[PDB]
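To keep things clear, I will list the structure first and then write my remarks on it.
Along the sequence shown, residues carry numbers from 1.
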Amino acid sequence: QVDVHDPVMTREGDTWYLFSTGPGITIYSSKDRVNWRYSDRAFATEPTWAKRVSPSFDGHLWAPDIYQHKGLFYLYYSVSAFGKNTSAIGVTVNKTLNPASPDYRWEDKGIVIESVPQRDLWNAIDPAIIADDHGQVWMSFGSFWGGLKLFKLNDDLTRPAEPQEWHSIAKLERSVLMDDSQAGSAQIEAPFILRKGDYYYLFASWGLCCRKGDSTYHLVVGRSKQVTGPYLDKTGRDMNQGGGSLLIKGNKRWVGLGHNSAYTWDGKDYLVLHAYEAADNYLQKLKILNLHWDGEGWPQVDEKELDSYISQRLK
């Protein structure tokens, strides 16, 4: 199976592209969303500014997002360090995703936004891009600290619009009296927003990833009429006060899962995530699940598809 973390996806013409946390942002390609061949790393080495944001930076970019805009491909990515909020989200652009195309090259546009310890009570990782009905485009992001944020992008989608317009969209408990440089116990990260019908649906990941056997990582969801919130769960609780309705959690076979994306392709909806295979040393694996919608306007997935979806890494 294809091992990925924090997977996003897009489609250029007839081929699917997948992007994963990994060196330079790992890129895979597939004509059927099942059998995946390696395509490229977006960055050969790393972004030139990466080390001054995060001195210890190991070469692994985190938590990508892929967004199509005015004929161009915008790939957001995160530079960070483990357990810290010395982080930034960058964006690099391409005219195409086909590596053998002469127009293929990724150009770095640099830092969209950066978090600084003791200044910011948020962590500048885990971008997701969403457009609204008024021609505006927003970035949602965040992990731990004071939770998840939404801000308006400027016209080229490389920086916050000025003047700035920000909105908190999901949070868990934290006292400001805590050391600002510490992650805290607000185990929440990785917003993803999908427009469906009259609602925007905010997915987030709760609990702890990356922890083999002790991983409690799972997905919750809420929904809002406006992209800027408030996102309420099934019981009517704002996600800004720790609301969020269980979408999918793990079992004996898949211990922890999350950091999801979500897409509408050819009139059908899909959930894209990673899940830790307990029979394979808890190694993250791509899972694509059919995303359904009940008669009350809430998403639903069949967890058995954690087993029935079996990706294949080709050579």
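- Residues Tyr17 and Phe73 keep their aromatic ring centres 6.0 Å or farther apart.
- Inter-residue side-chain proximity for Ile113 and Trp122 is flagged as met; some heavy-atom pair is nearer than 4.5 Å.
- In this structure a side-chain-to-backbone donor-acceptor pair under 3.5 Å is missing from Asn281 to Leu283.
- Residues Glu277 and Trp254 meet the side-chain proximity criterion, which asks for heavy atoms closer than 4.5 Å.
- Nearest heavy atom pair, residue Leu291 against residue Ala262, reads CD2-CB, 4.3 Å.
- The distance between the ring centers of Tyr276 and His5 falls below 6.0 angstrom.
- With 3.5 Å as the limit, one finds no donor-acceptor pair spanning the side chains of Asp6 and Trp62.
- Between the side chains of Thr235 and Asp233, at least one donor N or O sits under 3.5 Å from an acceptor N or O.
- There is no side-chain donor-acceptor pair under 3.5 Å between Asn85 and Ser87.
- In summary, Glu107 and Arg105 engage in a salt bridge, as defined by a charged side-chain N under 4.0 Å from a carboxylate O.
- The pair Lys285-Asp280 counts as a salt bridge, with a side-chain nitrogen and a carboxylate oxygen less than 4.0 angstrom apart.
- Scanning all heavy atoms of the two residues, the minimum distance from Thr216 to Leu208 falls at OG1-N, 3.1 Å.
- Heavy atoms only, all atoms of each residue included: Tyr200 and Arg195 are closest at OH-NH1, 3.2 Å.
- In this pair, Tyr217 and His274 present their aromatic rings parallel. The plane angle is below 30°, not in the 30 to 60° band.
- When all heavy atoms of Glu12 and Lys95 are compared, the closest pair comes out as OE2-O, 4.4 Å.
- In this model, a donor atom of one side chain and an acceptor atom of the other lie less than 3.5 Å apart for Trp106 and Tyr104.
- Summarising the geometry, atom CD belonging to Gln182 is positioned 12.0 Å from atom CZ belonging to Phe144; distances are rounded to the nearest 0.5 Å.
- Ring centroids of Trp293 and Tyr199 are separated by 6.0 Å or more, keeping the two rings apart.
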Can you give each donor-acceptor pair under 3.5 Å made by side-chain atoms of residues 45-54, sequence neighbours left out, with the distance rounded to 0.1 Å?
| from | atom 1 | to | atom 2 | distance (Å) |
| --- | --- | --- | --- | --- |
| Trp49 | NE1 | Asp108 | OD2 | 3.0 |
| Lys51 | NZ | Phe57 | O | 3.2 |
| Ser54 | OG | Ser80 | O | 2.9 |

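- For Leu148 against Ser143, the heavy-atom pair with the smallest separation is CD2-N, 4.0 Å.
- When each of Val8, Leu61, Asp40 is checked for a side-chain contact (heavy atoms from CB on, under 4.5 Å) with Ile25, only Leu61 meets the rule.
- Using a 4.5 Å cut-off on side-chain heavy atoms (C-beta onward), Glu303 and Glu305 make no contact.
- In terms of heavy-atom proximity, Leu306 sits nearest to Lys287 at O-NZ, 2.8 Å.
- The cationic group of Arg33 lies under 6.0 Å from the six-membered ring centre of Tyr270 and within 45° of the ring axis, placing it in a cation-pi geometry.
- Between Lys149 and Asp120 there is no salt bridge, since no side-chain nitrogen of the basic residue lies less than 4.0 Å from a carboxylate oxygen of the acidic one.
- At most 12 heavy atoms of other shown residues, nucleotides or ligands fall within 6.0 angstrom of atom CG in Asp155.
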